[PDB]
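J.: This is the structure, below, for whatever I ask next.
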Amino acid sequence: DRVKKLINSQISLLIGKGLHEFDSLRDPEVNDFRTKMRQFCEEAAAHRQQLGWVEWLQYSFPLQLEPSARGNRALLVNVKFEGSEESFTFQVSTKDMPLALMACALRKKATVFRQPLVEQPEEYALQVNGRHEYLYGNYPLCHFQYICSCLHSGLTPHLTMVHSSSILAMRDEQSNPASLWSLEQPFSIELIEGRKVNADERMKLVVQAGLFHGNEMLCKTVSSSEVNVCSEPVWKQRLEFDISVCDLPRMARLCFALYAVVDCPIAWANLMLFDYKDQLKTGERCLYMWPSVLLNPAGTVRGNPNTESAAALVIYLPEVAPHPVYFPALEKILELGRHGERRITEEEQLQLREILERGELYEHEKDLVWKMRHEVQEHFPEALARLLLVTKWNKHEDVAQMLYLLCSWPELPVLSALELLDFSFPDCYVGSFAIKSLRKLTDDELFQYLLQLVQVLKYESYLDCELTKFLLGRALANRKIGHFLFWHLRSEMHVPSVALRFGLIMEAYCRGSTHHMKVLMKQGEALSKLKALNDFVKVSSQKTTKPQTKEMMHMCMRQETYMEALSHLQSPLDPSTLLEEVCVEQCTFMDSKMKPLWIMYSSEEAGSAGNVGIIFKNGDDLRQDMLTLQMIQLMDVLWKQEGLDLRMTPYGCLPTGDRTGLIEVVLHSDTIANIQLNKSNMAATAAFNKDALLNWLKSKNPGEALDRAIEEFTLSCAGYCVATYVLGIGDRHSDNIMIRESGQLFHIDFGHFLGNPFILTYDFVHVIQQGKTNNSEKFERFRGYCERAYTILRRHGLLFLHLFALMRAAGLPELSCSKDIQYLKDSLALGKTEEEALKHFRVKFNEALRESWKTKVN
Ligand SMILES: Oc1cccc(-c2cccc(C3CCOCC3)n2)c1
């Protein structure tokens, strides 16, 4: 068909890789993934096209509820009907439900239009004006993020009554167009030769090889003989490992590291010993090596695609049987593991309960955990991860006994399942068990952990896996999940080790949602133009003055192709945000090294809410910033769930390509540095520089509004002081700290975290203290907020630990080792009691106060 060919070229363009490149590999694993996932995704699309209209609102506009609502007060609301300039302003309560508000608008419609209407409130949903956001369901208005936000900002909610027939037309418009255990011999390989090797001719070449199950060795590593440096080294030697073929676990990976010795690391290469169809591999393998920056078990098990430049290692996997050998089926494993013995002292049960509730163990402690594995399943099922780490993955009988217990193991909480996704648990049955326990994740929880789940994909041994199918199914059932899954994958297509896997997932996704593919192409077309616009700005800035470059940026944006590409798109930062008309006159660029673009938009339909900005940045890697901001947002969720609103500003930050991304503009905000410039002929010009922030807050908040802004400042300062301490955010100064006109303080530009002490600044203490030198009442109230926020985070310490552990897959320079995670373990003081950790925090807080006073003395 002409339409299939067009769809194929549109996917190719969108994902940044031609679909022809998949077919060219002539790889059956690739082929099977493509066919199986295309079928799975098209079935999701057909189920979606028949959804009921409210179910379709749930798919396309999932509810944005307050964290406190998850699991009184007077309010004015403006309500219009779709395709009508006319609106109605009425007084409702924060405790009222959307239905009462809709019944109220329909009664008004009936009186104004003089008709006794047939119209029932059950046939409508409320759209947030000029946003892809809807208010529906049995929730009081205050439970909706949009209404809650309006209440605190003092703004009036603007809502549109949309009929079921209009929602159904949206659904329709958006349719897809019409035996191993017998093999006792030791595992061995033949190391044949190397190709395209570059090293000092005075040195020698050695290949180190190890067998791994995740991070753990299956046996001691074996090294080759030292052979003279040359571009084509020849070994033709047998390397024998101390493990029987029968004992190779299903997820066994053979890892190689080529290096030069007089140590000069050259390259590395890994492979699974069983293929995707569970067949033990035999015959020759040409392994295109990755350059080393010595064994790398966590590294990808797929060869370097740069076959022209990559060093190659040629090996031979011997034919261990006259017929193909497959890893035993679950039925055979369960049959073998079924048999075992079960019987300890009451005093020993106390030692077991002690260690299973305690996390490194001594050999005798591991032996008691393994002996007592049945009691682990029956009375401590949440200690599965500990049992799994003591299992001898290099003994096929122990693995069968572990797997037998795993198959009757009760489902575990979401938190436990997050830990099981760690690279430390490489077994496919454990991986499948972790996903089974993660299926109960709500869309809000999934959204919060999506970044980490995408990183887990880089640890996967095969293309078709339970995690990919889970992520695809959830993405096809929730458009906002689909949106962020697409962007997390797309932003890494320039990385050769993930481009194949990520490309295949986005293709499969596009098969499941042809309409969303076009919505995403429109976003990619805007980003392409921003990149070209930024390129022009960067060059024009190096030659002429800012007013000239700004007028030329504006002239370029005014071109028909720019006006069209940059307008009428869903924001990549938030698909609920519509970026309607680009406001060229208000667009500019920043003076920092990369000259980031400052893009403003307006929307008549949304009114003041359609006034939104985006920052486009090309040249810096935005992944660490996004992680930092998502961890700050998680803190805000956890605080809100305990009734603590610290008035944080978790603005959007999204990498979209190679050193490319967007940052959400927080309007009505300025840097501490700009405020402290203490410029003349301004409202905030102070007698003392310490008065500058308070005078700025007083100018934006006259009379009675001042008290609320100081409170907003105090709460957010407490939230950011705790956030930066726990996350080890350093390099903090007046140009990367901002303040909203509301009084809310927030941080920007998180280039450094995890320590790569607690901080209190005098200018800020002055605001908290309402401009008084001595105000211990206000200061200690601020200290109370800090301690409460800190104690709440500590209680969820394991969630942060598990999420950061998954993030080690990302390849962030400040999150490479366990030493980086030590900062988190220490900042949260998880080894201590709540009393001891609070004692430690008070010492670090009191220290920051004495450090702050070295500025108060002046
Ligand atoms: O998270 C980052 C990373 C790098 C730069 C920035 C950055 C640079 C200028 C301005 C802003 C603010 C964003 C929120 O709205 C006000 C501007 N962020 C933020």
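How things are named: the first chain in the structure tokens is A, the next is B, and so on; residues count from 1 in each chain; ligands count from 1 in the order shown.
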Residues at most 10 Å from ligand 1, using only C-alpha atoms and all ligand atoms? Could they come as an mmCIF file with N, CA and C atoms, in the first residue's frame?
T.:
```
data_model
loop_
_atom_site.group_PDB
_atom_site.id
_atom_site.type_symbol
_atom_site.label_atom_id
_atom_site.label_comp_id
_atom_site.auth_asym_id
_atom_site.auth_seq_id
_atom_site.Cartn_x
_atom_site.Cartn_y
_atom_site.Cartn_z
ATOM 1 N N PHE A 589 17.306 35.219 23.395
ATOM 2 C CA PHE A 589 18.293 34.200 23.677
ATOM 3 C C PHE A 589 19.087 34.679 24.882
ATOM 4 N N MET A 590 19.699 33.751 25.609
ATOM 5 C CA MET A 590 20.498 34.079 26.780
ATOM 6 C C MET A 590 21.976 34.212 26.450
ATOM 7 N N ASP A 591 22.694 35.001 27.274
ATOM 8 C CA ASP A 591 24.105 35.373 27.097
ATOM 9 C C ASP A 591 25.117 34.297 27.475
ATOM 10 N N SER A 592 24.668 33.225 28.143
ATOM 11 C CA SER A 592 25.517 32.095 28.531
ATOM 12 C C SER A 592 26.101 31.411 27.289
ATOM 13 N N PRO A 596 21.322 29.794 24.776
ATOM 14 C CA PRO A 596 20.011 29.139 24.696
ATOM 15 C C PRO A 596 18.899 30.086 24.312
ATOM 16 N N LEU A 597 17.981 29.571 23.511
ATOM 17 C CA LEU A 597 16.833 30.329 23.030
ATOM 18 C C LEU A 597 15.746 30.400 24.083
ATOM 19 N N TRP A 598 15.052 31.538 24.152
ATOM 20 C CA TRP A 598 13.966 31.838 25.061
ATOM 21 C C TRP A 598 12.763 32.074 24.172
ATOM 22 N N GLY A 613 6.395 29.704 28.218
ATOM 23 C CA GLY A 613 7.693 29.796 27.582
ATOM 24 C C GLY A 613 8.436 28.482 27.627
ATOM 25 N N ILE A 614 9.376 28.330 26.694
ATOM 26 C CA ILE A 614 10.291 27.191 26.649
ATOM 27 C C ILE A 614 11.664 27.727 26.408
ATOM 28 N N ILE A 615 12.652 27.043 26.945
ATOM 29 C CA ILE A 615 14.044 27.377 26.689
ATOM 30 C C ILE A 615 14.577 26.226 25.869
ATOM 31 N N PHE A 616 15.212 26.510 24.734
ATOM 32 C CA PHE A 616 15.816 25.441 23.927
ATOM 33 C C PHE A 616 17.316 25.547 24.169
ATOM 34 N N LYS A 617 17.954 24.438 24.520
ATOM 35 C CA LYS A 617 19.387 24.493 24.782
ATOM 36 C C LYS A 617 20.134 23.413 23.981
ATOM 37 N N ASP A 620 24.808 21.462 25.798
ATOM 38 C CA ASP A 620 24.969 20.840 27.120
ATOM 39 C C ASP A 620 24.133 19.570 27.255
ATOM 40 N N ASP A 621 24.612 18.630 28.061
ATOM 41 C CA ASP A 621 23.947 17.365 28.303
ATOM 42 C C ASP A 621 22.959 17.615 29.472
ATOM 43 N N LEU A 622 21.625 17.440 29.226
ATOM 44 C CA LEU A 622 20.608 17.802 30.222
ATOM 45 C C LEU A 622 20.076 16.643 31.071
ATOM 46 N N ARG A 623 20.629 15.434 30.911
ATOM 47 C CA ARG A 623 20.178 14.238 31.630
ATOM 48 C C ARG A 623 20.302 14.333 33.155
ATOM 49 N N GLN A 624 21.412 14.876 33.661
ATOM 50 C CA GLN A 624 21.611 15.003 35.105
ATOM 51 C C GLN A 624 20.654 16.015 35.714
ATOM 52 N N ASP A 625 20.415 17.118 34.999
ATOM 53 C CA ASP A 625 19.433 18.136 35.406
ATOM 54 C C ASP A 625 18.062 17.542 35.532
ATOM 55 N N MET A 626 17.611 16.782 34.507
ATOM 56 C CA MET A 626 16.287 16.157 34.500
ATOM 57 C C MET A 626 16.180 15.189 35.666
ATOM 58 N N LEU A 627 17.218 14.357 35.895
ATOM 59 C CA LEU A 627 17.185 13.431 37.032
ATOM 60 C C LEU A 627 17.019 14.211 38.355
ATOM 61 N N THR A 628 17.834 15.264 38.550
ATOM 62 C CA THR A 628 17.798 16.071 39.765
ATOM 63 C C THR A 628 16.412 16.652 39.998
ATOM 64 N N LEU A 629 15.835 17.259 38.949
ATOM 65 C CA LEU A 629 14.494 17.838 39.018
ATOM 66 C C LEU A 629 13.417 16.795 39.263
ATOM 67 N N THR A 649 9.097 24.270 43.086
ATOM 68 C CA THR A 649 8.846 24.638 41.701
ATOM 69 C C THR A 649 9.552 23.598 40.844
ATOM 70 N N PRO A 650 8.949 22.417 40.663
ATOM 71 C CA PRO A 650 9.626 21.375 39.876
ATOM 72 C C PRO A 650 9.318 21.610 38.404
ATOM 73 N N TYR A 651 10.024 22.556 37.821
ATOM 74 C CA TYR A 651 9.802 22.925 36.417
ATOM 75 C C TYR A 651 10.290 21.790 35.451
ATOM 76 N N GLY A 652 9.717 21.714 34.256
ATOM 77 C CA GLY A 652 10.104 20.715 33.264
ATOM 78 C C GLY A 652 11.510 20.861 32.710
ATOM 79 N N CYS A 653 12.153 19.726 32.470
ATOM 80 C CA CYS A 653 13.479 19.659 31.849
ATOM 81 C C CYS A 653 13.541 18.344 31.075
ATOM 82 N N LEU A 654 13.753 18.412 29.759
ATOM 83 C CA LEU A 654 13.724 17.206 28.961
ATOM 84 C C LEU A 654 14.774 17.174 27.864
ATOM 85 N N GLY A 661 17.931 19.812 24.447
ATOM 86 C CA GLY A 661 16.771 19.656 25.302
ATOM 87 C C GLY A 661 16.064 20.958 25.554
ATOM 88 N N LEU A 662 14.936 20.848 26.263
ATOM 89 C CA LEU A 662 14.077 21.969 26.612
ATOM 90 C C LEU A 662 14.003 22.096 28.091
ATOM 91 N N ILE A 663 13.783 23.309 28.552
ATOM 92 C CA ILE A 663 13.569 23.655 29.956
ATOM 93 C C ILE A 663 12.294 24.505 29.977
ATOM 94 N N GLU A 664 11.409 24.229 30.921
ATOM 95 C CA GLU A 664 10.199 25.020 31.079
ATOM 96 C C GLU A 664 10.500 26.395 31.680
ATOM 97 N N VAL A 665 9.888 27.441 31.106
ATOM 98 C CA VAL A 665 10.014 28.792 31.644
ATOM 99 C C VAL A 665 9.043 28.966 32.809
ATOM 100 N N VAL A 666 9.568 29.475 33.927
ATOM 101 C CA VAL A 666 8.788 29.847 35.093
ATOM 102 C C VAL A 666 8.671 31.376 34.937
ATOM 103 N N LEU A 667 7.504 31.845 34.509
ATOM 104 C CA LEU A 667 7.287 33.277 34.337
ATOM 105 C C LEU A 667 7.224 33.960 35.699
ATOM 106 N N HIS A 668 7.352 35.294 35.727
ATOM 107 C CA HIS A 668 7.273 36.088 36.964
ATOM 108 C C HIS A 668 8.326 35.626 38.010
ATOM 109 N N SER A 669 9.549 35.371 37.531
ATOM 110 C CA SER A 669 10.646 34.915 38.357
ATOM 111 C C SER A 669 11.922 35.610 37.924
ATOM 112 N N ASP A 670 12.812 35.837 38.869
ATOM 113 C CA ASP A 670 14.086 36.469 38.553
ATOM 114 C C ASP A 670 15.180 35.830 39.375
ATOM 115 N N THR A 671 16.437 35.964 38.958
ATOM 116 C CA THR A 671 17.550 35.381 39.710
ATOM 117 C C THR A 671 17.826 36.251 40.941
ATOM 118 N N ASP A 735 23.286 33.401 40.861
ATOM 119 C CA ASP A 735 22.828 33.259 39.484
ATOM 120 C C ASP A 735 22.156 31.903 39.202
ATOM 121 N N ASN A 736 22.227 30.917 40.115
ATOM 122 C CA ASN A 736 21.500 29.648 39.873
ATOM 123 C C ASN A 736 20.400 29.387 40.932
ATOM 124 N N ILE A 737 20.033 30.456 41.680
ATOM 125 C CA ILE A 737 18.933 30.491 42.634
ATOM 126 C C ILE A 737 17.979 31.581 42.104
ATOM 127 N N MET A 738 16.689 31.225 41.974
ATOM 128 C CA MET A 738 15.653 32.124 41.481
ATOM 129 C C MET A 738 14.531 32.324 42.474
ATOM 130 N N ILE A 739 13.793 33.415 42.311
ATOM 131 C CA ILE A 739 12.644 33.669 43.183
ATOM 132 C C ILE A 739 11.473 34.121 42.318
ATOM 133 N N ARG A 740 10.305 33.573 42.602
ATOM 134 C CA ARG A 740 9.033 33.878 41.947
ATOM 135 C C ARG A 740 8.443 35.101 42.645
ATOM 136 N N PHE A 746 13.538 28.842 44.174
ATOM 137 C CA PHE A 746 13.788 27.553 43.509
ATOM 138 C C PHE A 746 15.178 27.575 42.910
ATOM 139 N N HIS A 747 15.747 26.404 42.674
ATOM 140 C CA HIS A 747 17.098 26.282 42.115
ATOM 141 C C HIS A 747 17.073 25.944 40.652
ATOM 142 N N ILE A 748 18.090 26.371 39.932
ATOM 143 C CA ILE A 748 18.214 26.015 38.520
ATOM 144 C C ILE A 748 19.627 25.494 38.253
ATOM 145 N N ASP A 749 19.835 24.934 37.041
ATOM 146 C CA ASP A 749 21.141 24.548 36.519
ATOM 147 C C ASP A 749 21.898 23.603 37.446
ATOM 148 N N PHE A 750 21.419 22.364 37.541
ATOM 149 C CA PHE A 750 21.982 21.327 38.397
ATOM 150 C C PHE A 750 23.064 20.521 37.665
ATOM 151 N N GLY A 751 24.182 21.170 37.384
ATOM 152 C CA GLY A 751 25.314 20.537 36.708
ATOM 153 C C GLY A 751 26.085 19.561 37.580
#
```
J.: Residues at most 7 Å from stretch 324-326 of chain A, counting only C-alpha atoms, excluding those fewer than 6 positions away in the same chain, as an MDAnalysis selection string?
T.: chainID A and resid 179:180 278:280
J.: Go ahead and save the picked residues with N, CA, C and O atoms, as a short mmCIF file (atom, residue, chain, number, x, y, z; two decimals), in the first residue's frame.
T.:
```cif
data_model
loop_
_atom_site.label_atom_id
_atom_site.label_comp_id
_atom_site.auth_asym_id
_atom_site.auth_seq_id
_atom_site.Cartn_x
_atom_site.Cartn_y
_atom_site.Cartn_z
N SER A 179 20.16 -33.00 26.60
CA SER A 179 19.93 -32.24 27.83
C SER A 179 21.23 -31.59 28.31
O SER A 179 22.28 -32.24 28.35
N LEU A 180 21.13 -30.30 28.69
CA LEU A 180 22.23 -29.48 29.18
C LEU A 180 22.79 -30.00 30.51
O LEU A 180 24.00 -30.02 30.67
N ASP A 278 16.79 -19.70 23.70
CA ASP A 278 17.35 -20.55 24.77
C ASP A 278 18.35 -21.58 24.27
O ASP A 278 18.66 -22.53 25.00
N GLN A 279 18.88 -21.40 23.05
CA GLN A 279 19.85 -22.37 22.53
C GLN A 279 21.25 -22.01 22.97
O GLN A 279 21.67 -20.86 22.80
N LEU A 280 22.00 -23.01 23.48
CA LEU A 280 23.41 -22.81 23.86
C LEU A 280 24.14 -22.56 22.55
O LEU A 280 23.93 -23.29 21.59
#
```
J.: Please provide the set of residues having any atom within 12 Å of residue A:83, restricted to only C-alpha atoms, with same-chain residues fewer than 4 positions apart removed, written as an MDAnalysis selection string.
T.: chainID A and resid 87 129 160:163 166 605
J.: Set the distance at 8 Å and use only C-alpha atoms: which residues neighbour stretch 422-437 of chain A once local chain neighbours fewer than 4 positions away are removed? I'd like the list as a VMD selection string.
T.: chain A and resid 213 to 216 250 to 251 298 388 to 389 403 406 411 to 414 417 to 418 456 459 466 to 467 470 802 805 to 806
J.: Hey, can you spit out that residue selection with N, CA, C and O atoms as a JSON list (two decimals), in the first residue's frame?
T.:
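Resulting contents of out-v1.json:
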```
[["chain", "number", "residue", "atom", "x", "y", "z"],
["A", 213, "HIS", "N", 27.24, -13.72, 35.94],
["A", 213, "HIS", "CA", 25.80, -13.76, 36.12],
["A", 213, "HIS", "C", 25.50, -12.44, 36.81],
["A", 213, "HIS", "O", 25.65, -12.32, 38.03],
["A", 214, "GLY", "N", 25.19, -11.42, 36.00],
["A", 214, "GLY", "CA", 25.00, -10.06, 36.50],
["A", 214, "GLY", "C", 26.36, -9.48, 36.86],
["A", 214, "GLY", "O", 27.25, -9.43, 36.00],
["A", 215, "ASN", "N", 26.56, -9.12, 38.14],
["A", 215, "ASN", "CA", 27.86, -8.62, 38.61],
["A", 215, "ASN", "C", 28.80, -9.73, 39.11],
["A", 215, "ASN", "O", 30.02, -9.55, 39.12],
["A", 216, "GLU", "N", 28.22, -10.84, 39.58],
["A", 216, "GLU", "CA", 28.96, -11.95, 40.16],
["A", 216, "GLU", "C", 29.63, -12.86, 39.14],
["A", 216, "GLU", "O", 29.02, -13.25, 38.15],
["A", 250, "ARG", "N", 21.02, -19.72, 32.81],
["A", 250, "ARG", "CA", 20.34, -19.18, 31.63],
["A", 250, "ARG", "C", 20.88, -17.80, 31.17],
["A", 250, "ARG", "O", 21.07, -17.56, 29.98],
["A", 251, "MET", "N", 21.15, -16.92, 32.13],
["A", 251, "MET", "CA", 21.61, -15.56, 31.85],
["A", 251, "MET", "C", 23.12, -15.40, 31.97],
["A", 251, "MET", "O", 23.60, -14.30, 32.23],
["A", 298, "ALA", "N", 28.42, -5.38, 33.05],
["A", 298, "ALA", "CA", 27.20, -4.59, 32.80],
["A", 298, "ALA", "C", 27.06, -4.06, 31.36],
["A", 298, "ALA", "O", 25.95, -3.71, 30.95],
["A", 388, "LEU", "N", 18.03, -14.41, 47.04],
["A", 388, "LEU", "CA", 18.57, -14.41, 45.68],
["A", 388, "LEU", "C", 20.08, -14.15, 45.61],
["A", 388, "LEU", "O", 20.76, -14.74, 44.78],
["A", 389, "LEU", "N", 20.60, -13.25, 46.47],
["A", 389, "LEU", "CA", 22.03, -12.92, 46.49],
["A", 389, "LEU", "C", 22.89, -14.05, 47.11],
["A", 389, "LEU", "O", 24.04, -14.23, 46.70],
["A", 403, "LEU", "N", 14.46, -21.35, 42.00],
["A", 403, "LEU", "CA", 13.39, -21.12, 41.03],
["A", 403, "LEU", "C", 12.08, -21.79, 41.41],
["A", 403, "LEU", "O", 11.03, -21.17, 41.22],
["A", 406, "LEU", "N", 10.63, -19.52, 43.82],
["A", 406, "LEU", "CA", 10.28, -18.26, 43.17],
["A", 406, "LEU", "C", 8.91, -18.36, 42.48],
["A", 406, "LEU", "O", 8.14, -17.40, 42.50],
["A", 411, "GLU", "N", 3.35, -12.09, 45.38],
["A", 411, "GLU", "CA", 3.70, -10.79, 44.77],
["A", 411, "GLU", "C", 4.20, -9.88, 45.88],
["A", 411, "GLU", "O", 3.73, -9.94, 47.02],
["A", 412, "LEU", "N", 5.18, -9.07, 45.56],
["A", 412, "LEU", "CA", 5.81, -8.18, 46.52],
["A", 412, "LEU", "C", 5.39, -6.73, 46.31],
["A", 412, "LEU", "O", 4.99, -6.38, 45.20],
["A", 413, "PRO", "N", 5.55, -5.84, 47.31],
["A", 413, "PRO", "CA", 5.22, -4.43, 47.09],
["A", 413, "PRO", "C", 6.08, -3.83, 45.96],
["A", 413, "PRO", "O", 7.16, -4.35, 45.63],
["A", 414, "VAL", "N", 5.56, -2.76, 45.35],
["A", 414, "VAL", "CA", 6.22, -2.01, 44.26],
["A", 414, "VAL", "C", 7.69, -1.68, 44.62],
["A", 414, "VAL", "O", 8.57, -1.82, 43.76],
["A", 417, "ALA", "N", 9.93, -4.71, 44.25],
["A", 417, "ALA", "CA", 10.05, -4.99, 42.83],
["A", 417, "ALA", "C", 11.02, -4.03, 42.13],
["A", 417, "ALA", "O", 11.70, -4.44, 41.19],
["A", 418, "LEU", "N", 11.13, -2.77, 42.61],
["A", 418, "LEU", "CA", 12.09, -1.81, 42.05],
["A", 418, "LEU", "C", 13.54, -2.26, 42.28],
["A", 418, "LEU", "O", 14.39, -2.11, 41.40],
["A", 456, "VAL", "N", 16.83, 0.69, 32.75],
["A", 456, "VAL", "CA", 16.88, -0.76, 32.96],
["A", 456, "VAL", "C", 16.98, -1.53, 31.60],
["A", 456, "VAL", "O", 17.65, -2.57, 31.54],
["A", 459, "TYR", "N", 20.35, -2.77, 30.36],
["A", 459, "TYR", "CA", 20.90, -3.92, 31.08],
["A", 459, "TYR", "C", 20.36, -5.21, 30.48],
["A", 459, "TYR", "O", 20.86, -6.27, 30.82],
["A", 466, "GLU", "N", 10.14, -8.95, 29.01],
["A", 466, "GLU", "CA", 8.95, -8.58, 29.76],
["A", 466, "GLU", "C", 8.88, -7.08, 30.06],
["A", 466, "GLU", "O", 7.80, -6.51, 29.97],
["A", 467, "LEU", "N", 10.02, -6.42, 30.35],
["A", 467, "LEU", "CA", 10.03, -4.98, 30.62],
["A", 467, "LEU", "C", 9.60, -4.15, 29.40],
["A", 467, "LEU", "O", 8.77, -3.25, 29.57],
["A", 470, "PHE", "N", 5.82, -4.56, 28.87],
["A", 470, "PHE", "CA", 5.14, -3.83, 29.94],
["A", 470, "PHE", "C", 5.10, -2.30, 29.62],
["A", 470, "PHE", "O", 4.03, -1.68, 29.60],
["A", 802, "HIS", "N", 16.93, 2.68, 45.67],
["A", 802, "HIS", "CA", 16.56, 1.78, 44.57],
["A", 802, "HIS", "C", 16.50, 2.51, 43.23],
["A", 802, "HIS", "O", 16.96, 1.96, 42.23],
["A", 805, "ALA", "N", 20.03, 3.45, 42.15],
["A", 805, "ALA", "CA", 20.70, 2.21, 41.78],
["A", 805, "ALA", "C", 20.38, 1.88, 40.32],
["A", 805, "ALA", "O", 21.29, 1.54, 39.57],
["A", 806, "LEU", "N", 19.08, 2.04, 39.90],
["A", 806, "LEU", "CA", 18.66, 1.81, 38.51],
["A", 806, "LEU", "C", 19.30, 2.81, 37.55],
["A", 806, "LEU", "O", 19.57, 2.47, 36.41]]
```
J.: Can you list, as an MDAnalysis selection string, every protein, DNA or RNA residue that comes within 7 Å of stretch 819-826 of chain A when you count only C-alpha atoms, leaving out same-chain residues fewer than 6 positions away?
T.: chainID A and resid 726:727 754:755
J.: I need the strand (DSSP E) residues of stretch 164-237 of chain A per DSSP on the backbone, written as a ChimeraX atom specification.
T.: /A:186-195,204-213,216-217,222-223,227-228,234-237
J.: Return the single residue from A:572, A:657, A:547, A:607 that is closest to residue A:493, with distances computed using only C-alpha atoms.
T.: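 The closest residue to residue A:493 is A:657.
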J.: Contacts of residue A:391 at 10 Å or less, counting only C-alpha atoms, minus same-chain residues fewer than 2 places along, as a list in words?
T.: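 Once the adjacent positions are removed, what remains is residues 366, 367, 369, 370, 373, 386, 387, 388, 389, 393, 394, 395, 398, 399, 401 and 402 of chain A.
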J.: Any idea what's packed within 10 Å of stretch 771-773 of chain A, counting only C-alpha atoms, ignoring anything in its chain fewer than 6 positions away? Could you give it as a ChimeraX atom specification?
T.: /A:690-691,693-695,763-765,856
J.: Selected residues, N, CA and C atoms, written as a JSON list (two decimals), in the first residue's frame, please.
T.:
```json
[["chain", "number", "residue", "atom", "x", "y", "z"],
["A", 690, "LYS", "N", 21.52, 43.63, 52.09],
["A", 690, "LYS", "CA", 20.66, 42.63, 52.74],
["A", 690, "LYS", "C", 19.16, 42.94, 52.61],
["A", 691, "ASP", "N", 18.77, 44.22, 52.38],
["A", 691, "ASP", "CA", 17.36, 44.59, 52.26],
["A", 691, "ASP", "C", 16.79, 44.34, 50.86],
["A", 693, "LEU", "N", 16.37, 41.70, 48.61],
["A", 693, "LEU", "CA", 15.38, 40.63, 48.35],
["A", 693, "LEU", "C", 14.03, 40.96, 49.00],
["A", 694, "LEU", "N", 14.05, 41.38, 50.28],
["A", 694, "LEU", "CA", 12.85, 41.78, 51.00],
["A", 694, "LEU", "C", 12.16, 42.97, 50.33],
["A", 695, "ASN", "N", 12.91, 43.99, 49.87],
["A", 695, "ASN", "CA", 12.32, 45.15, 49.17],
["A", 695, "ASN", "C", 11.71, 44.71, 47.83],
["A", 763, "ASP", "N", 21.23, 36.45, 53.57],
["A", 763, "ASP", "CA", 20.25, 37.25, 52.81],
["A", 763, "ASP", "C", 18.85, 36.61, 52.90],
["A", 764, "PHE", "N", 18.84, 35.28, 52.93],
["A", 764, "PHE", "CA", 17.66, 34.44, 53.00],
["A", 764, "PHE", "C", 17.10, 34.41, 54.43],
["A", 765, "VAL", "N", 17.99, 34.34, 55.46],
["A", 765, "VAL", "CA", 17.63, 34.33, 56.89],
["A", 765, "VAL", "C", 16.93, 35.64, 57.23],
["A", 856, "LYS", "N", 27.06, 37.28, 58.91],
["A", 856, "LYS", "CA", 26.25, 38.10, 59.82],
["A", 856, "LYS", "C", 27.15, 39.07, 60.62]]
```
J.: Can you work out which one of A:222, A:57, A:789, A:321 has the shortest atom-to-atom distance to residue A:637, counting only C-alpha atoms?
T.: A:789
J.: A:619, A:140, A:702, A:728: which is nearest residue A:827, counting only C-alpha atoms?
T.: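 Using only C-alpha atoms, the shortest distance to residue A:827 belongs to A:728.
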J.: For a quick check of understanding, using only C-alpha atoms, which of A:495, A:721, A:675, A:65 has the smallest distance to residue A:632?
T.: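 Among A:495, A:721, A:675, A:65, it is A:721 that comes nearest to residue A:632.
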J.: Extract the full set of alpha helix (DSSP H) residues from stretch 389-622 of chain A according to DSSP on the backbone, and format it as a count of residues only.
T.: 132
J.: How many Å lie between atom CA of residue A:779 and atom CA of residue A:696, rounded to one decimal?
T.: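 Spanning atom CA of residue A:779 to atom CA of residue A:696 is a straight-line distance of 20.4 Å.
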J.: Which is closer to residue A:415 than all the others in A:1, A:801, A:18, A:524, using only C-alpha atoms?
T.: A:801
J.: Figure out the distance between atom CA of residue A:519 and atom CA of residue A:13, please, to one decimal in Å.
T.: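 Between atom CA of residue A:13 and atom CA of residue A:519 the gap is 13.2 Å.
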J.: Counting only C-alpha atoms, which of A:198, A:49, A:528, A:559 gets nearest to residue A:309?
T.: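 Nearest to residue A:309: A:198.
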J.: Between atom CA of residue A:90 and atom CA of residue A:158, what distance in Å does the model show, to one decimal?
T.: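 A separation of 11.0 Å between them.
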